[PDB]
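Peer 1: build me a structure from this.
(one chain, ligands or ions: 4)
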Amino acid sequence: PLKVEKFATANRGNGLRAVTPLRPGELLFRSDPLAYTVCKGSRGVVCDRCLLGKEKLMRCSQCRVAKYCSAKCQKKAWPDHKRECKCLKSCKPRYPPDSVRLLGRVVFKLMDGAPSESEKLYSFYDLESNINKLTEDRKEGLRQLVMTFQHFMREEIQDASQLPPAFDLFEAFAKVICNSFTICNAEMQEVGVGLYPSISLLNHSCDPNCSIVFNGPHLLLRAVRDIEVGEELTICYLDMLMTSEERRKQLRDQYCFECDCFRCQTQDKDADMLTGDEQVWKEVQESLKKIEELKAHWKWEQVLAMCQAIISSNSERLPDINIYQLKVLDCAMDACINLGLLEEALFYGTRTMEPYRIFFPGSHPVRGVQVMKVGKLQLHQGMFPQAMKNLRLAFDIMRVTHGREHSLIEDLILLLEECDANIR
Ligand SMILES: Nc1ncnc2c1ncn2[C@@H]1O[C@H](CSCC[C@H](N)C(=O)O)[C@@H](O)[C@H]1O
Ligand SMILES: [Zn+2]
Ligand SMILES: [Zn+2]
Ligand SMILES: [Zn+2]
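Peer 2: Numbers count the residues shown, from 1 in each chain. Ligands and ions are numbered 1, 2, ... in the order given. Right below this line is the structure:
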């Protein structure tokens, strides 16, 4: 029994709208990807399937590239890894770009003929390409891949015979770039990327009515606010820690459009975001580029090296409420956590609590998780009174964003009751 529908929008291709009244936290759609892969960063640190930060990863006997959590995970992924395994062995040790490997996976999937439940609303051939509205460096970037693609797929693909006809590579990639989704783990860390054709119908907003969470590679679409019938459905395409400017910039450079959202048009919260001295945070912003490099690759130690310096450096001057300051804290935290310096972790993250409340308005999965992490630490620290507070708060947020359908709730409840037992 369905709850939404496809339609041609005002001026922007297609889109998605409701067909019933929808309350907060309602589960609207649910999909496995059509194709997905572990992104370069997390490669060789999470499983090419369940996508989970783990112990002892056995690597495909054949290619010796793909890594797997269990013997079952390996077996399950095999339908996909089947063909690529070959090429990955030839690339060794040169490893192909995510978007390339991803495409390989979509090629093969369209070459079995499975009525993929991810395409139930919009096929792959229906996806926007923006061919006519692309720049030149962009177009020249695309021809790049096609070349790198064909060298990579030498082993399995010799010519357009083995491709589904009415199918252009150059075109395909265009679809990829603006139709891809960043997959995150429980701790809202980016671990892989995939295409979710039915979900791609959702359009952008900087203050949207819908969220997406990932239970491993499995995607959940939920409502976040009360929605009246016939209303267009939107998610945010971006991180919420950006300025009206930054947002516009990427959207042009990646999706090829100018934003409509109220917020974009009236520089919403932009003052607060940049509150402070430009000269300080102009340097801070720069350092972060090299820092986040060492985050996607899980270099932790090295990130903390850089982080701790800057927070102690501009401790006298720059407030927590500034985004760049905050971003550092956020990192400083995720560092200490993966290092074990939990006392330190807490001391930091606890300071991100207030800014987050402000920047992540309503019910946002990121805020929830953050709160959870912070409460979880307090619980570890034995600050049960303050812990119970956040855990509850976090629950109250996540009961909307995740639902009983996401396994992380099961884990959060258990934390609540454990905290309970220490208040006995
Ligand atoms: N909020 C928004 N404002 C303007 N254009 C948008 C948008 N969200 C998506 N688009 C554009 O819609 C075009 C594709 S039309 C087909 C899929 C698309 N996501 C859709 O809206 O149906 C793309 O150029 C994409 O950037
Ligand atoms: Zn292999
Ligand atoms: Zn696994
Ligand atoms: Zn906007």
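
Peer 1: what secondary structure does the closest residue to residue 89 other than its chain neighbours sit in?
Peer 2: Closest residue to residue 89 apart from its sequence neighbours, by Cβ to Cβ, 6 or more residues apart in numbering: residue 63 at 4.5 Å. The way it works is simple: take the backbone N, C-alpha and C, and place the C-beta from them, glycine included. State at residue 63, reduced to three classes by DSSP: H, G, I helix; E, B strand; the rest coil: coil.

Peer 1: okay, now residue 94: neighbour count?
Peer 2: 7 (other Cβ atoms under 10 Å).

Peer 1: can I assume it sits in a helix?
Peer 2: No: secondary structure assignment (three-state DSSP) places residue 94 in coil, not in a helix.

Peer 1: where's it relative to residue 284, distance?
Peer 2: According to Cβ to Cβ, to the nearest Å, residue 94 stands 35 Å off from residue 284.

Peer 1: is ligand 1 within reach of stretch 14-22?
Peer 2: Yes: contact of stretch 14-22 with ligand 1 (Cβ under 6 Å from any ligand atom) involves 14, 15.

Peer 1: end to end, how far does that stretch reach?
Peer 2: 21 Å (Cα to Cα, to the nearest Å).

Peer 1: list the buried ones in it?
Peer 2: Within stretch 14-22, the residues scored as buried using 16 or more other Cβ atoms under 10 Å are 14, 15, 16, 17, 18, 22.

Peer 1: what are the contacting residues of that stretch?
Peer 2: With contact meaning Cβ atoms under 8 Å, 6 or more residues apart in numbering, stretch 14-22 is reached by 2-9, 28, 121-122, 126, 201-203, 223, 226-233.

Peer 1: out of those residues, which are close to ligand 1?
Peer 2: Applying Cβ under 6 Å from any ligand atom to these, those adjacent to ligand 1 are 201, 203.

Peer 1: just the contacts of stretch 14-22: which are in helices?
Peer 2: Taking DSSP state H, every one of these sits outside helices.

Peer 1: quick one on the thing from earlier: in CSV: the buried residues of stretch 14-22, plus secondary structure and distance to residue 32.
Peer 2: Below are the buried residues of stretch 14-22 laid out as CSV (DSSP: H, G, I helix; E, B strand; the rest coil; distance: Cβ to Cβ, whole Å):
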residue, secondary structure, distance to residue 32
14, coil, 22
15, coil, 23
16, strand, 19
17, strand, 24
18, strand, 23
22, strand, 23
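
Peer 1: which of those lies closest to ligand 4?
Peer 2: residue 15 (15.7 Å; Cβ to the ion).

Peer 1: how much space between the residue most central in space within the chain and ligand 2?
Peer 2: When Cα atoms, centre = their mean is applied to the chain, the residue found nearest the centroid is residue 182 (3.4 Å). As judged by Cβ to the ion, to the nearest Å, residue 182 and ligand 2 stand 24 Å apart.

Peer 1: specify the beta-bridge partners of that residue.
Peer 2: Under the criterion DSSP bridges, residue 182 forms beta bridges with residue 193.

Peer 1: show me what contacts it?
Peer 2: Per Cβ under 8 Å, 6+ apart, neighbours of residue 182: 39, 190, 192, 193.

Peer 1: residue contacts, the first one?
Peer 2: Each residue near residue 39 by Cβ under 8 Å, 6+ apart is listed here: 98, 182, 190, 191, 192, 193, 296.

Peer 1: which non-adjacent residue is nearest the last one?
Peer 2: Of all residues not flanking residue 296 in the chain, residue 41 sits nearest, at 3.1 Å (Cβ to Cβ, 6+ apart).

Peer 1: the one you found contacts residue 298, correct?
Peer 2: Yes: the pair residue 41 / residue 298 is scored as a contact, 7.3 Å apart, by Cβ atoms under 8 Å.

Peer 1: who does the helix ranked longest in the chain touch, helix- and strand-wise?
Peer 2: For the chain, the longest helix by residue count, based on DSSP H, is helix 71-91. Counting contacts by 3 or more Cβ pairs under 8 Å, 6 or more residues apart in numbering; DSSP states H and E, helix 71-91 is packed against helix 98-109.

Peer 1: what does the following helix or strand past the helix it packs on contact?
Peer 2: Once the chain leaves helix 98-109, the next helix or strand it forms, by DSSP states H and E, is helix 136-152. Residues outside helix 136-152 that contact it (Cβ under 8 Å, 6+ apart) are 87, 91, 96-97, 99-100, 103-104, 134, 157, 169-170, 173-174, 177, 253.

Peer 1: what about the residue in the stretch 51-200 of the chain that ligand 4 sits nearest to, how many residues nearby?
Peer 2: Here the stretch 51-200 of the chain gets closest to ligand 4 at one residue, residue 178, 16.3 Å apart by Cβ to the ion. By other Cβ under 10 Å, 18 other residues sit near residue 178.

Peer 1: buried residues in stretch 61-81?
Peer 2: 63, 65, 66, 67, 68, 69, 70, 73, 74, 77, 80, 81.
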